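Below: one protein chain in two forms, given as structure tokens, structure 1 then structure 2.
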Structure 1
């Protein structure tokens, strides 16, 4: 059929295991037949990474920065058993972290809602998006064991004693053995977090809430609150008002409670640790990870990386490897493509592309909603594990493919 010309190159990052499998199928059956796009391919499989000494990972990030918009497949984050499983030169760092830090920007997780599929928190009918500040609180902290009595201090010595002054803060006086830890964060990173959060809220046309425990951590957390407020008043307030959306700081205690009581439909910006823990809570609350997507947004709002929020689905890959039946959800991976192409269409002002992206999504979701064709993970939420309620990994892709063709005739 007629192909849509994609003006700017799209960066594609291949992953491994199960997702690598459905990725190739999604491409040939759902993308390549309708678009004339130039894909800058970067293989991020563990095998490819271990070979290039993890260089392709960096090269891929650079590519995304250069062209704007990357579309990524889940990848394996090597650990102990992984190093032996593939005979790696060493436990490489998670490609997700390496790319995220190279591009700057923040990651926002968004669940896809399908009416027909109940949520564990049934009241949730609209997505609750979680943005996580992944810079350096507890994830870059220094912790140790205090052996016995003594004093603990936080000491800061400025590189320039003329403008700033030294700090020597008393933390605690141990009367026995125990534990200690110190962490940091910077104005620069927090500022990017704010910018990335406001731009996504504008794009999504959703209310934005920042959560901290500023009542306790008066300075530390207070810092996040002040920078968001400052960045807001100066560059986004007027834009939030035109759309009818609002920004607001809320105590993590209140936000968290108001969150599970709501019906959803808004964005929560959170600090490293809260974002980590709350993302797992929200995802599970909506249901299957097969419906959790994610988008990386930079402060300048010119660079994006699109990828499913779940992993390589290793357990399903073990079955696949033996020829055993699998029911893996391809929905999130498909949306990695549609959301990435959508951004591609927006930056190049190519409505044609944007239109196709919304059609791919519609075809995908109506397959479940209207036709009732779905994978096991989805059927489980309905209370139907009978091998007649769900369909196989490939059967689902076949269904959406057929549906796309139909909905594409206009």
Structure 2
């Protein structure tokens, strides 16, 4: 096969355990044999991050910004148990949280639909896309234990007193021990969130819903509502009217209820935390947490980070190390690669690359849909409880490879 020439380099972030094993096979068998790619490799395994005191994560984020497209393998955020078992320096923060904070933007999540997989919410016939604000709020929050009675205040001091007033807000007078936290966001970040959301709505020709709790957090959430409306009237109003699509702000309560009783087919812009929770509800409702894509996008339309949206399970790895067979789904990791390559193709105007990314995806879905070859989790979701109903982690990937070859020849 005559290899497709990728013009610009692609930033690759390796991950942990089982997904790392899967990641290497995908790269060696499904990508490298067909593409001549310059991969800027960053090892984000727990061991690598510990050894560099998490500096490797920051470097990888900056590389993505430099080159434009990053593709990331699922990683492990160590807990107390792991820190002790592997003698880590500390409970390192989520590489994902770190990358999102550095790149900023929006994380778009949507189900990977496989006809055969049963939907847990039957009426969802059309994809629901979650546009999760990638920055601030709880993920960059300051929280602390309050040991006893005392006052708690939120204090703001402008860098320039003549252009702004200081603020000292009474938060609470404790009468006993408790907890406290403060969080923030910026208008610039919220504005980018809005631009990407409106642009995706336009590009996909879908209605856009922004949801908040601005009835309770009148200033904080109210700010998201006002910025979205302002951006809407600044550059997208007539575009939406021309396409016949709509933008509407809704109370988060009402939105999730309408989402649950709908047929899908719309985009839900959500604050960082709500986007996190709801994307799992949506992924699960469509069929499986393992069938979801996740791509971080910056408002300038120049930077993308495609990540394996399905976490790795240490149990599978344990069995893998013991030489026992496994059946871990590799679809989410395959799509991280395909969606990243698609952005690379678009940015570089390399149609041959985009075509490849699309067949890689169809060959993967058809292996399941048409050939009935799948891993344990999907077989089970399908009510196929026979041992012979699924193949091993490696068998699935070998099947996809064979399919990729076959489908590539057809063209």
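We call the rigid core the largest set of C-alpha positions that still match within 1.5 Å between the two forms. Positions refer to the first chain, counted from 1.
Student: Between the rigid parts turning between structure 1 and structure 2, which of 337, 132, 287, 390 is at the hinge point?
Tutor: Comparing the two forms, the hinge residue turns out to be 287.
Student: In degrees, what is the turn of the smaller rigid part relative to the larger one between structure 1 and structure 2?
Tutor: The angle the smaller part turns through between structure 1 and structure 2 is 14 degrees.
Student: For residue 186, what C-alpha shift in Å results between structure 1 and structure 2 following superposition on the rigid core?
Tutor: For residue 186, the alpha-carbon shift amounts to 3.2 Å.
Student: What is the Cα shift of residue 354 between structure 1 and structure 2 once the core is superposed, in angstrom?
Tutor: On core superposition, this C-alpha lies 0.4 Å from its counterpart.
Student: Rigid core superposed, I'd like the Cα shift of residue 261 between structure 1 and structure 2 in Å.
Tutor: Here the C-alpha difference is 2.0 Å.
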